[PDB]
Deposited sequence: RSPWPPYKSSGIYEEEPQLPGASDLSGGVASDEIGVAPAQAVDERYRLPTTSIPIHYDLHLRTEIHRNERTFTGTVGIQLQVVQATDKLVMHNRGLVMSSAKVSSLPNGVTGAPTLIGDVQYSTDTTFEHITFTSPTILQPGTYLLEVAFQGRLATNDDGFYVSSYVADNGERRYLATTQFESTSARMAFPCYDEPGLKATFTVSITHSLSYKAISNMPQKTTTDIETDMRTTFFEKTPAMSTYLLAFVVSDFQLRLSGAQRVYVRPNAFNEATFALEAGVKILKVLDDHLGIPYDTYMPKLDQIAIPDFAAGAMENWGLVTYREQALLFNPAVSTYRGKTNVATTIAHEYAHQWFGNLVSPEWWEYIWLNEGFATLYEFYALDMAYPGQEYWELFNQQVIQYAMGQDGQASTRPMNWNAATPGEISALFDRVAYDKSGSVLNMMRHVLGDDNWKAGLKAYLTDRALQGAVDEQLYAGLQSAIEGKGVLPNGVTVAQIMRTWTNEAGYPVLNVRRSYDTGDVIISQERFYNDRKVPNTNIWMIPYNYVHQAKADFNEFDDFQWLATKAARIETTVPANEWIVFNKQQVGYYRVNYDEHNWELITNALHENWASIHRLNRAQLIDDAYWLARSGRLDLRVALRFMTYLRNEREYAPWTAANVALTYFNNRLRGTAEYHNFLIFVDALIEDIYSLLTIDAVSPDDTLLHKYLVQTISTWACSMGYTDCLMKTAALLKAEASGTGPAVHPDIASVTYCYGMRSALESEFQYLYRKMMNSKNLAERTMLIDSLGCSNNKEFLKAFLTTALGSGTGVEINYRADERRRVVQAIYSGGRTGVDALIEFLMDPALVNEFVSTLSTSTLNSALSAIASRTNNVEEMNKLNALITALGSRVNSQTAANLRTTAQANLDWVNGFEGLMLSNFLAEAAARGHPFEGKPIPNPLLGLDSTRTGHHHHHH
């Protein structure tokens, strides 16, 4: 029972080829644009009217002709046509004097638009040159449904067509697009038309072009475009692109050049998403592509590397094979998320990029997918808002986690084969759910890799058509040598019976034979529950999900939880580190949902004293963060600090001062960042003094710049009780950087001062007009409240003053005000803070309506209440160590 709509185009007519010409004088900051399009189309059901899409465009003329011999051959003028647009369905209808009969026709429309300023259609972007002058560029973003903002078209992904694009623009600017340049022609006194080669069959949402004065770096058939003053930061992207494209060529067994003679990447200063996979011309926001080793962090580099991998994966999964309709958008975004980490790991083996997948995708997916509002992977949509809303954690991380599950179940070679079958089959066409299963099946037909009578499709449908994921319960009738397992839907929040039955692949491992590295032994639960007969002593632990490859949580009897717990106390590395990470996150969420005694889960985490690897500590960091945030303003908070001190103080035998030795790995860097972060949060004076000194050493001249891989921590803590000269130094550094990611990190870092007078002055700089972008001014507010309770207070004190909320609201919106109020609410934990909040609401007067005020109080009250709820009592209790 999913009702949708009549927002779908009439099915009477169908595109064949678009011949698009656009003119823009964006070099002059002229923001109108003009266009003509010649659309070759097929009529299937005889009609008087051709219906396609338009948002915002104003037609000036239109006419039709027939093509009596196909697409080559001459047209014969039928007549001028009538145009009208429905603003709600965004259907434009061209109406002929005659009724057209099933054949090939040529529609020709002249039209005029304007460049968006919300980063969505054909829009404007800009940057500031080294001499202070602002320079404009026109660029595109169509995915979802915005190709209709640049030219009238059949804007649905299943209606693939060829595209021949030409653009008129300033002689002094360059145009690029999906396809290579076919030819320049200078015109008038000032201008030029750039012509592009015809595309293959593709969807409108992937069409793209850019008109700018940018520069390129290159290597063979691949370039990277950047604003001229970012040229030195484009080297990494070009390396990564070459390596990643090749890995994918080989692995999938279809080279990219099978269909395209070049692949460009471009960094666009104003960009809504992280990046967009337009065939042959992939757009990025700057933070997703630029890297500068003097100031960019290992995290930043990882973001560039994964994003490139993500969008290159789309050249096959999305571009070559596109979704028939958005219901199957996971066919794109699931594979892109998986290969975001997998292709990258194949492209830089030994940098342990693939480890990042378990915490950044699997566990991340389970968090959102444990909510009652989560959707099934297959889920339809009709309106533009409904379509955007599909681009969520289910389309991305969930899909990517289940695909990773399938990949392991099928085996590497079968997997590759399956995909090559799929891609080959649906090449230059649309795909749905079942066509993928067909492909994967073919590569294992007769090979007896699945139990007899079971399809690839039988399995995937249980995961694809059902919201959420299961928890697999494992109960042992111990001293008696059996195990019972059973499955129910997992919620973060509640236990609610569910009729659907996931076909779940499982395996398991016991204490004497502790091998987690093979995947030959996959078993299936295809019913609600089952008895597993077995060999294992009541003294040995068992653990079910090998390296958390299966997309499900696992719960055990308190017995087996305690066996496990003991085993990791005596020898902390006795279980695979990903499985330790599974146990940590599983225990955490099982306790929160009330499927497991909190006391048990907390007992299980004491083992971390001895822990030394990246995955488990990353998992732990999420549980600890939650507890930290709920205890913070409360009396019991001291005992939490003590408890966590106990957990880390050992592993705090790393180097955080100068951490960076050339030999320490990616994973090490993450680990160092997580542990030092905690130590500094807790006020380890060693941590606070070293960071403080480093910053002082760089701001003073005494010493070198702080290495980027340690800057996040060092600049934030280190600023805690720093003096005016170090605050100003860091502030001037940010204002002089032309690097967005740097700027953001420094804005956050300034936010960590404990000095309320610094914070308020800092906030004042974000108001009025220094060179913040809008997003950065908002960022300053966020830095201040995210710094700690002292910034929150600084912010509240600021907003109490009515003249100050006046300035605040005139330069940021009221939405930024309501946003900050929510943030403050999320961080009030005690009576004294609740007073401060209520005082602010009241002081703000007519800016806060009753509804919102009620909401703020509600989220704040939930925090105060939390301290004496069952959780919270259970926890304050447990923190009665002695």
- Query: Which deposited-sequence positions, grouped into ranges, are missing C-alpha coordinates?
  - Reply: 1-39, 809-813, 927-957
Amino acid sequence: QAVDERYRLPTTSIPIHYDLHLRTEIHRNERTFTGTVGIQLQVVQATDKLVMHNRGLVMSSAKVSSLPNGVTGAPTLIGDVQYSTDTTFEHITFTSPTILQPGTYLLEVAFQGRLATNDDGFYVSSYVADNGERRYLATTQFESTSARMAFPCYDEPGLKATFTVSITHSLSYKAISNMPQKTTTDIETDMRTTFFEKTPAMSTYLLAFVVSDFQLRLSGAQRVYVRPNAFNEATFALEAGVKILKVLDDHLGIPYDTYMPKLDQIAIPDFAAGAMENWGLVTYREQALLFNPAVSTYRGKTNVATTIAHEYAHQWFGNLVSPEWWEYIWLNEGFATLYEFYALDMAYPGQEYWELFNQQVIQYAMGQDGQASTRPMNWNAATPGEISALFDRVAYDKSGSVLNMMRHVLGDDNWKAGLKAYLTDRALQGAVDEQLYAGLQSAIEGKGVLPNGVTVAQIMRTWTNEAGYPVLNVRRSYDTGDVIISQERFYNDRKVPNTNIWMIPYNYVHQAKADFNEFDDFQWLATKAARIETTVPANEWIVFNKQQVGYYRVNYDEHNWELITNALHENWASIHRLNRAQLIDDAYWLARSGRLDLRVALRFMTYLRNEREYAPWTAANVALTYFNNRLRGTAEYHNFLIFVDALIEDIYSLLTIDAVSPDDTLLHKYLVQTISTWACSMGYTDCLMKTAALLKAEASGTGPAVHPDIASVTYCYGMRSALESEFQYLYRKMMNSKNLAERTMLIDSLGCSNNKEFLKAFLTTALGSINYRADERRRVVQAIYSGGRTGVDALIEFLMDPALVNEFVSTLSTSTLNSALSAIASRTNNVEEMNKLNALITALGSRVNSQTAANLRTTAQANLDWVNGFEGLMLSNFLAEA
From here on, numbers count along this sequence of modelled residues.
- Item | Stretch exceeding the other in mean C-alpha B-factor - 66-74, 50-58 | 66-74
- Message: Averaging CA B factors per stretch from the PDB record, which one is higher: 417-425 or 188-196?
- Response: 417-425
- Largest Cα B-factor, entry values, listed residues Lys243, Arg778, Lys546, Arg789: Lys546
- Query: With respect to the C-alpha temperature factors reported in the PDB entry, which of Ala294, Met719, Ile564, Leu795 ranks highest?
  - Reply: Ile564
- Position of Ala273 among the chain's modelled residues by C-alpha B-factor, lowest, middle or highest third: lowest
- Task: Using the B-factors in the PDB entry, rank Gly350's C-alpha atom against the chain and give the third, lowest, middle or highest.
- Result: highest
- Message: Among the modelled residues of this chain, does the Cα B factor of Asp557 put it in the lowest, middle or highest third?
- Response: highest
- Task: Could you look up the Cα B-factor of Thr139 in the entry and say which third of the chain it sits in: lowest, middle or highest?
- Result: lowest
- Note on the structure: Sorting the chain's modelled residues by C-alpha B-factor and splitting them into thirds places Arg595 in the middle
